[PDB]
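Before any questions on binding or motion, here is one chain by itself as structure tokens, the form deposited in one PDB entry.
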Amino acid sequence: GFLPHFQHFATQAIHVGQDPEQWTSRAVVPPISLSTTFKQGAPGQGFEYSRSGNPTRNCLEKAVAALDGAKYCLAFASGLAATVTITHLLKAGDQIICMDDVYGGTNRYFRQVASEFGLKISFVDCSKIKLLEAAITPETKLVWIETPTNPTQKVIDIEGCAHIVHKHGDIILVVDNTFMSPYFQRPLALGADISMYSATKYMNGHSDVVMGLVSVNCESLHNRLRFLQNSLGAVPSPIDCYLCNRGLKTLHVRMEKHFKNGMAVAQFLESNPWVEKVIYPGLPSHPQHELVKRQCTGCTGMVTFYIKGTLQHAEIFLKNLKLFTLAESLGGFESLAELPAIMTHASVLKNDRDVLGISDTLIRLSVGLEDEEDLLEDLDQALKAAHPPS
């Protein structure tokens, strides 16, 4: 019942930005151009300064656009740099509405930093249309959403938000598509103005690159954003560019497997007597399940659950994992487990967390590409060991 997979996705992942006719070599894999300057044929003149920038950032960028079905893509030092740059599209007096449940670092940036520079920040859910409709003002100029949301995996109707945000006039809708990747979801096809990623996660997928990507269609938006790319200089390294472009080549066969494993894990957890509740859009227990099948071609490896009992039971459970690793980050090849309230989302004010449901009993799992059976044995084994009140 899912949206049928995007035609040509793998072919494009492999071949776009990657044409051999580009180099004197004819090489299949693009060379890494570390250099910061370029010889000019005459003063008023190709490439001129690496930060503006360069061959390897450009290849990555043509490829990510393609996969997003976009005309343009822009690459940054990190997902937060992408965010901070995106917010620089605005001015003092502007308002930003932000999905109430959102990456820790995003919350922090909007609440404690952008609010210092004449920007009004409102937190809204935004998974409920009429609340968003209410919060919009003549001052509103950016609407930032995430779906599913990190860590609670609330799911927003993107085309729904798109239609309503664009009725009001000149308002930019950004969708942070970190969790799903353009393999499973194309915010731009659903009417978003920007589709943004922390490429640190699934896009690169190999836990060895920190990076941001922003994809766009609108001509004037692209130009304004390109300016900010050069002017803020929050730019990724050419080597980082390369590694990430290398990671994309397997995005499709990585996301499929995250899908299989994720799904199995969420099914196993939901049948387990020691688990209170499982949130995973791929399950029919998910309140937005039907929506998910309309917006997405599948699901990812992110499974969040509440363990029965207290933080002490959550801790014993984490401490007994022998294959999942207790760490921050996600979307890598390796399975990771996490206690958002005290780790990844510690920078979200305690009251904000509790309204959100980020309790001491919430675990976020990032299901990796290991054997299903082993991920399953490890979870069984750890939950047995915690044995909370049933």
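Under this definition, the rigid core comprises the largest set of C-alpha atoms superposing within 1.5 Å between the forms. Quick note: we count residues from 1 along the sequence shown, nothing fancier.
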Between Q45 and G46, how many deposited residues lack coordinates (none, 1 to 3, 4 to 9, 10 or more)? 1 to 3
Mean C-alpha temperature factor, higher of 127 to 135 and 230 to 238: 127 to 135
Regarding 254 to 262 and 67 to 75, which shows the higher C-alpha temperature factor on average in the entry? 67 to 75
Of the choices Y280, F184, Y103, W274, which one's C-alpha carries the largest B-factor in the record? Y103
Using the temperature factors in the entry, find which of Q312, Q95, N217, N245 has the highest value at its Cα atom. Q95
Of the three thirds of the chain ranked by Cα temperature factor, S122 occupies the highest
Cα B factor band for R294 (lowest, middle or highest third within the chain): middle
Consider only the C-alpha atoms of the modelled residues in this chain, order them by B-factor as the entry records it, and name the third containing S35: lowest, middle or highest. lowest
Using only modelled residues of the chain, where does the Cα B factor of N107 rank: lowest third, middle third or highest third? middle
Splitting the chain's C-alpha B-factors into thirds, which one does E116 fall into? highest
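One more form of this protein should be noted, the form deposited in another entry, which is absent from this view; the next part is about it.
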Listed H222, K257, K120, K277; moving between the shown form and the other one by 2 Å or more at the CA after core fit is just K277
So, superposing on the core, is the move of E315 at the CA at least 2 angstroms between the shown form and the other one? yes
Any CA movement of 2 Å or more for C296 between the shown form and the other one, core superposed? no
Once the core is aligned, does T85 move its Cα by at least 2 Å between the shown form and the other one? no
